[PDB]
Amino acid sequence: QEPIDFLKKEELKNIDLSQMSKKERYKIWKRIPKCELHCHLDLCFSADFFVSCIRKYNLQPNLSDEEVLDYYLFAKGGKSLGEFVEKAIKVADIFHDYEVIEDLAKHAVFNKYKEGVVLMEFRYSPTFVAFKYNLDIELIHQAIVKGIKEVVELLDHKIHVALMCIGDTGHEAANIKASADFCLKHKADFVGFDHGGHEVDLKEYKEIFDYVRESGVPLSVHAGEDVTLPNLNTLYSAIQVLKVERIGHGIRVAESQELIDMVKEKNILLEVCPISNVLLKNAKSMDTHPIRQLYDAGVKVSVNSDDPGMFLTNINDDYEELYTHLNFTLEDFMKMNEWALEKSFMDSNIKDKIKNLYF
């Protein structure tokens, strides 16, 4: 046996969630064999870990643990994706050296294991990690790959972890072209390519994305998240120009039947991040989060944590929110995790292994 007795499809009907306290519900969420596709490793940490980094490098000697969390992180939320990014830029204070990056990666993988994630596609931005202390992106990648490997080996491969590379916008020394080049140079370690930060129309980088995609690295980019944009052009470009297999967030697809139809017919999956959307004010509330209408419309969706570090949450919190506020069932969650598995960028023989073991 292993620490977590994962739920089987047959057992789901015997579990009455309505009887359970929040504490007892989280024991059930933990036992869901989760496939997570959208989580930023470089912003994936616990409160305790973050504060330890701040103390290690004596960054905020005049602030208490709690003041440090309020100063740097996004647990209470904010106004926008713009405000989220400026706060992420502050968090880059911890990227002091390659030792802390390895430790970050190690703890990130281990916590996902503890939470009951069986398939983990992590993503990180080389330029985002490098800029604050002018680090070497080759050495950053080395530290990350090493940290993941060491923990995965310790855990006897009971969690399967893959990496995506993020080109991004909205921080100093950001470079999409260079990020794409780095991704292809390290194609053996990267299973996909993403764009994050500020949400922009990626039509203007058609050539860079064509080149990455056509080289055999599938695309999943952030689009249809930011509700402050005056139209849905970013989604049309993501789908029709970038030819993405998956969309980060994509919650604004719900505002257009045309996009709903296109996404369904192209077998595109939306990587929904419930808590993230609410905290960035991209959903008005969890009660009115678009995932419910998207799910009912027949669009493929999966549940993701996005940034455990920024929000001081974990993947099981997102499951809790969908159950409590939007009446999602264990059967829904199993279905969505199976979609996530089907749409994952991991090697298919690994995916077949995970399917036989849990689904």
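By rigid core we mean the largest C-alpha set that fits within 1.5 Å across both forms. Note that residue numbering begins at 1 and tracks the sequence as displayed.
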Do the Cα atoms of 173-181 or those of 100-108 sit farther, on average, from the shown form in 4 other deposited structures of this protein after fitting on the core? 173-181
Kindly name the stretch, out of 297-305 and 59-67, whose CA atoms are displaced more from this form in 4 other deposited structures of this protein after the core superposition? 59-67
Mind pulling up the entry and telling me whether 83-91 or 102-110 has the higher mean Cα temperature factor? 83-91
Identify the stretch, either 346-354 or 9-17, whose C-alpha atoms have the larger mean B-factor according to the entry. 9-17
The residue of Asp42, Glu36, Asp306, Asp65 with the maximal C-alpha B-factor according to the PDB record is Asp65
Comparing recorded Cα B-factors across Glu258, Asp194, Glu271, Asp189, which one is largest? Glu258
Please say which third, lowest, middle or highest, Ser302 falls into when its CA temperature factor is compared across its chain. lowest
Chain-relative C-alpha B factor for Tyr72 (record values, thirds): the highest
Tell me, lowest, middle or highest third: where does the Cα B factor of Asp201 rank within its chain? middle
Taking the entry's C-alpha B-factors for this chain, is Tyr26 in the lowest, middle or highest third? lowest
Compared with the other modelled residues in the chain, in which third is the CA B-factor of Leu59? highest
